[PDB]
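Encoded as structure tokens, the structure appears first; notes follow it.
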Amino acid sequence: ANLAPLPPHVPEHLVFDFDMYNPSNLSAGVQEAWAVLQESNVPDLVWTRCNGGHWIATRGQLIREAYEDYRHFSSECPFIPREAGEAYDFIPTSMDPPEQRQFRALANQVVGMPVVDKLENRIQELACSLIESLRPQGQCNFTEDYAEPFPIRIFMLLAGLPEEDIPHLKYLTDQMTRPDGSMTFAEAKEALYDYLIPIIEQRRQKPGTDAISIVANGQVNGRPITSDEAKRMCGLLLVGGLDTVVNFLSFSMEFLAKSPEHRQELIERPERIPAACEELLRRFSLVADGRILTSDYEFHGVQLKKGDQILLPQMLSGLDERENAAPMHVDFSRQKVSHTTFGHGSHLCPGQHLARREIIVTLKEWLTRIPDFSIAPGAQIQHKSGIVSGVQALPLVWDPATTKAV
Ligand code: HEM
Ligand SMILES: CC1(C)[C@@H]2CC[C@@]1(C)C(=O)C2
Ligand SMILES: [K+]
Ligand SMILES: [K+]
């Protein structure tokens, strides 16, 4: 197929042609498809000839180790394929410490817990409002009726952007994580940057309370942040707010719709919701990006070459049986829930608190009003793989009579 010729320094015995954008066992579930990389005879570190050719760490131990060693594993070129990785200049993700820190502080300021607290009521209100509106219908296309609008509307509120632009922005964001082939990562990035620039210059004048104004008026390296730097950071924020929680919610709801027993557990023991959120985050982890070698380096007996790209699937750590016994089994009472769903190292997701709030509010408010629901009859759920994996569609059904209003 589209396999790049094996490079001279890469041993043939370490070859495993995994395609992160279309894994072979996708029909069994995306997490299950990636899990093949953790089967008995698969090395801890393999090389796939797919997507231009790149390494793939398959165990949590290596993934964590690599994300900690930024001196060897630089985030300068974090995306596969290389062309996308080279065009990827988002801030602060494309930067390594010490350079990353000043920009990371600003990014954290606009999506951190203090912001979540400020938005507590908006988040709560939107969830209840959306659910109450769907409740009497007895059915919904979950991905588009809730998974997308709930977190996206909250983010647009946070960023101070008009909801009218959602279709446009969500489309561009997806092209950077799960390209449909209509455009390159670079074209999508430039389109998003072009959307943001006029807004940034517009707000760079007066101090605002929205994320874009705060970024545009930030101070980094003892100077005002430039409009271009603000652009590089805001683009990252847009992608982070429009294509992460959105997909995770669908993996979680798909699971709940297929498991009455787990729905009942949370209905009867609501105090377990926080823990359930964490276990779902482990089992349905969905991100996978990587790093690039800054110099020749021997890692776990494997000769990595400067310029080599290495995928470090955040998704795989928690599915690693070496980290969690019976990894594919969802156990809300699981002891020592281990995962790197939000990343590891200096780039550990600063938006994870907003994410957990949206997930926990969804679990609480959905089960409170629509405790009983199932996958539409005859429906077969399809997943999609990429930098961020997702659910193509999730048709749900329920008897309106069983629903409750608050
Ligand atoms: C379930 C939801 C989420 C998941 C699984 C997730 C996952 C991740 C991961 C794996 C990284 C590190 C990537 C790397 O090391 O290259 C990251 C970075 C980041 N995330 Fe999230 N994220 C989520 C939600 C959010 C939300 C809601 C926002 C925005 C409002 C956000 C904003 C960011 C930002 C700004 C970074 C870059 C941090 C840096 O480079 O220092 N994330 N996220
Ligand atoms: C890997 C990510 C989840 C992280 C935030 C959005 C994302 C797709 C990036 O480009 C950095
Ligand atoms: K070789
Ligand atoms: K780059």
Side-chain angles (χ1 to χ4, degrees), residues 63 66-68 70 73-80 82-97 99-112 115-116 119 123 147 150-152 154-159 173-178 185-186 188-189 192 211 215 232-252 277-278 280-282 284-292 309 311-315 317-318 339-359 362 386-390:
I63 292 171
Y67 277 127
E68 283 176 34
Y70 57 82
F73 301 100
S74 173
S75 67
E76 183 172 359
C77 186
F79 275 30
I80 292 304
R82 188 179 300 284
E83 210 173 75
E86 299 186 327
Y88 185 110
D89 69 333
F90 286 141
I91 289 180
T93 311
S94 72
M95 303 172 96
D96 297 306
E99 294 83 11
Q100 171 215 186
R101 309 212 177 283
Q102 280 275 294
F103 293 96
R104 164 63 183 238
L106 188 59
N108 182 60
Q109 191 194 337
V110 298
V111 305
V115 176
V116 177
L119 299 172
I123 297 179
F150 177 53
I152 293 186
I154 292 303
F155 178 77
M156 296 297 276
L157 211 58
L158 176 162
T173 288
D174 294 341
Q175 297 322 303
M176 288 184 259
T177 56
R178 292 176 302 286
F185 161 91
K189 188 198 70 168
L192 176 50
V215 172
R232 293 167 60 189
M233 191 178 326
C234 288
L236 175 65
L237 291 176
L238 266 294
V239 175
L242 278 51
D243 195 55
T244 58
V245 176
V246 166
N247 301 301
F248 183 73
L249 292 177
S250 292
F251 283 120
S252 297
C277 169
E278 211 62 25
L280 289 171
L281 279 171
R282 177 193 70 72
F284 297 112
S285 197
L286 66 175
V287 180
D289 72 339
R291 302 290 186 258
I292 185 170
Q309 285 191 283
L311 189 64
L312 304 167
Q314 281 90 348
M315 175 205 292
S317 300
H339 73 69
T340 56
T341 293
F342 290 116
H344 190 72
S346 78
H347 292 278
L348 182 66
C349 188
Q352 57 172 280
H353 305 297
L354 172 62
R356 286 203 183 78
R357 176 60 64 78
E358 303 183 328
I359 294 166
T362 293
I387 296 291
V388 177
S389 294

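Numbering of ligands and ligand atoms starts at 1, following listing order. Count residues from 1 along the sequence.
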### Query
Can you tell me if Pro92 has a non-hydrogen atom under 4.0 Å from ligand 1?
yes
### Message
I'd like to know if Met95 contacts ligand 1, where contact means a heavy-atom distance under 4.0 Å to any ligand atom.
### Response
no
### Query
Which residue and non-hydrogen atom of the protein lie closest to atom 3 (C) of ligand 2, and at what distance in Å?
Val287 CG1, 4.0 Å
### Query
Would you say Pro78 touches ligand 1, if touching means a heavy atom closer than 4.0 Å?
no
### ligand 2 atoms in contact with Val239 (distance to a heavy atom under 4.0 Å)
6 (C), 8 (C)
### Task
Look at atom 4 (C) of ligand 2 and say which protein heavy atom is nearest, naming residue and atom and giving the distance to 0.1 Å.
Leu236 CD1, 4.5 Å
### Query
Which pair of non-hydrogen atoms, one from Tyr67 and one from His344, has the smallest distance, and what is that distance?
CB-O, 3.4 Å
### Task
Return the name of the atom in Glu86, of element N, O or S, nearest to the K ion (ligand 4).
O
### Task
Answer yes or no for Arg104: is there a heavy-atom contact with ligand 1 below 4.0 Å?
yes
### N, O or S of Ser94 under 3.4 Å from the K ion (ligand 4)
no
### Query
Less than 4.0 Å between atom 11 (C) of ligand 2 and some protein heavy atom, yes or no?
yes
### Exercise: identify the closest heavy-atom pair between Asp96 and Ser74
OD2-OG, 2.6 Å
### Task
Just need the protein heavy atom nearest to atom 28 (C) of ligand 1, so name the residue and atom and give the distance.
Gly240 O, 3.7 Å
### Query
How does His347 reach ligand 1, by side chain, by backbone, by both or by neither, if only non-hydrogen atoms under 4.0 Å count?
both
### Message
Which label fits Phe90 and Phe185: parallel for a plane angle under 30°, tilted from 30 to 60°, or perpendicular past 60°?
### Response
perpendicular
### Task
Could you say whether the N/O atoms of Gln100 and ligand 1 ever approach to under 3.5 Å?
yes
#### Entry: Residue pairs fulfilling salt bridge (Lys or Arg N to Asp or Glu O under 4.0 Å) with at least one residue in residues 339-358, sequence neighbours excluded
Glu278-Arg356
#### Entry: Pair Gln314, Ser285: side-chain N/O donor-acceptor within cut-off below 3.5 Å
no
### Message
Regarding ligand 2, does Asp289 bring an N or O atom to under 3.5 Å of one of the ligand's N or O atoms?
### Response
no
#### Entry: Residue and atom name of the nearest protein heavy atom (relative to atom 5 (C) of ligand 1), distance in Å to one decimal
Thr341 O, 3.4 Å
### Main-chain N/O of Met95 paired with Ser75 side-chain donor or acceptor, under 3.5 Å
yes
### Message
Between ligand 2 and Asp243, can you find any atom pair, the residue atom being a heavy atom, that is separated by under 4.0 Å?
### Response
no
### Query
What atom name does the N, O or S atom of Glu76 nearest to the K ion (ligand 4) carry?
O
### Query
Who's the nearest protein heavy-atom neighbour of atom 9 (C) of ligand 2, and how far?
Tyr88 OH, 3.3 Å
### Task
Check whether any side-chain N or O of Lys189 sits under 3.5 Å from a backbone N or O of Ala87 as a donor-acceptor pair, and report yes or no.
yes
### Message
Looking at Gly318, is its backbone amide N or carbonyl O close enough to the side chain of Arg282 to form a donor-acceptor pair, meaning the two atoms are under 3.5 Å apart?
### Response
yes
### Message
Just checking: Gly85, one of its N/O/S atoms, less than 3.4 Å away from the K ion (ligand 4), yes or no?
### Response
yes
#### Entry: Distance-only polar pair, side chains of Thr177 and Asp243, donor-acceptor under 3.5 Å
yes
## Note on the structure
Between the CZ atom in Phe150 and the CD1 atom in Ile152, the distance rounded to the nearest 0.5 Å is 12.0 Å
### Query
Can an N or O of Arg291 be found at a distance shorter than 3.5 Å from an N or O of ligand 1?
yes
